[PDB]
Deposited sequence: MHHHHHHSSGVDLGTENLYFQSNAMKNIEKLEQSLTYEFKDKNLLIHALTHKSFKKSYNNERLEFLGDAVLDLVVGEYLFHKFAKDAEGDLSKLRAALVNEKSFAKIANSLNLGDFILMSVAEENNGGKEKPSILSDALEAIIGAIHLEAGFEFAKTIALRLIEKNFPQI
């Protein structure tokens, strides 16, 4: 069913397993989860948003850029974007995790979104991941 997600992203994965990896919560399967991709995606997003703010607010001091970036690159914002993509429908987690409300946990939603951006960067490069991420941000925060 991940095809629906690809359509929402405007990005079709060459390696489908890579998207599944990004969608795999830590509860699901031994030694296979989205934590490394989330690490990579978070670094991607800090550059995407930092660069965006640097250009958009040419007169803003570093402190302003930093705080504005914190206001965008965070669990709440990413969980919002995740929900706009119905990510809870695609994330893989154990029965117990789902019964404990995992599909609605902001951390799980946020982590999966960041891992997806990491996965797009891995497969397609920074500039591509940037264009995808900026579209999602501009649809959710029309700043």
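**Student:** Numbered from 1 along the deposited sequence, what ranges are absent from the coordinates?
**Tutor:** According to the record, the gaps fall at 1-26, 169.
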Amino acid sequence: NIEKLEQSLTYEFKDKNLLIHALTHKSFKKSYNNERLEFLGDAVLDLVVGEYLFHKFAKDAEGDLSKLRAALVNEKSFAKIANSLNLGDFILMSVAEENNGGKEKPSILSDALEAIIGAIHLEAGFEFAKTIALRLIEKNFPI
From here on, numbers count along this sequence of modelled residues.
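**Student:** Using only C-alpha atoms and the B-factors in the entry, which stretch averages higher, 55-63 or 106-114?
**Tutor:** Between 106-114 and 55-63, it is 55-63 that shows the higher mean C-alpha B-factor.
**Student:** Averaging only over Cα atoms, indicate whether 43-51 or 64-72 has the higher B-factor in the PDB entry.
**Tutor:** So the stretch with the higher mean C-alpha B-factor is 64-72.
**Student:** When you compare the CA B-factors of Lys16, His25, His121, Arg135 as listed in the entry, which one comes out on top?
**Tutor:** Max CA B-factor in the entry, restricted to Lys16, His25, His121, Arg135: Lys16.
**Student:** Report the third (lowest, middle or highest) to which the CA temperature factor of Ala79 belongs, ranking only the modelled residues of the same chain.
**Tutor:** Answer is middle: the recorded C-alpha B-factor places it there.
**Student:** Sort the modelled residues of this chain by their C-alpha B factor and say whether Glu98 lands in the lowest, middle or highest third.
**Tutor:** As the PDB entry reports it, the C-alpha B-factor of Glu98 lands in the middle third of its chain.
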